[PDB]
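Form deposited in one PDB entry, single chain, as structure tokens, below.
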């Protein structure tokens, strides 16, 4: 009943693999719906073709800025920003999917995939999903990151959508 979405990753145009994600629509329905709809592109905009602009090995992979491709843009299906829905779920380890933001109630489209336990983000960032398949592809992506987050190659979401 919780949606599964997938991302097909490419590194400088060449296919790397697929990562799928379970979205916790049961606990964070509004946040889960925003990610799901941007993954299918059904509202007319979304993640397809966008890049992961910030990857820091041992911490996280960040993407979701489909309008400025660098951390300064993006928007939700509800408008520019939307509220923190709740903080029920915690950043308990690698594989966690969480919303990036710029302050309270400033969720747009940017998100990060944790590759480590990041307990200090609890109560500041809304957790809404986790990697279901392809954690090994997220580990492969990390090796293209760096300490300041700049990627040595262009990491893009070549395709995305809903599996269930």
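Numbering follows the first chain given and starts at 1.
- Across the two stretches, 60-68 and 26-34, the PDB entry reports the greater mean Cα temperature factor for 26-34.
- Remark: stretch with higher mean C-alpha B factor among 105-113 and 36-44 is 36-44.
- When the CA B factors of the chain's modelled residues are split into thirds, the value for residue 84 lands in the lowest one.
- Remark: residue 54 belongs to the middle third of its chain, ranked by C-alpha B-factor as recorded.
- Among the modelled residues of its chain, residue 18 has a C-alpha B-factor that falls in the lowest third, as given in the PDB entry.
- Residue 5 sits in the middle third of its chain by CA B factor, as recorded in the PDB entry.
What comes next is about the form deposited with a partner chain bound, which does not appear here.
- Heavy atoms of every residue among 62, 102 and 125 are located within 4.5 Å of the partner chain in the deposited complex.
- Looking at residue 130, you'd find every heavy atom of it more than 4.5 angstroms from the partner chain in the deposited complex.
- A residue is said to contact a partner when one of its heavy atoms sits within 4.5 Å of a partner heavy atom; residue 112 meets this definition for the partner chain in the deposited complex.
- Within 4.5 Å of some heavy atom of the partner chain in the deposited complex lies at least one heavy atom of residue 56.
- A residue is said to contact a partner when one of its heavy atoms sits within 4.5 Å of a partner heavy atom; residue 121 meets this definition for the partner chain in the deposited complex.
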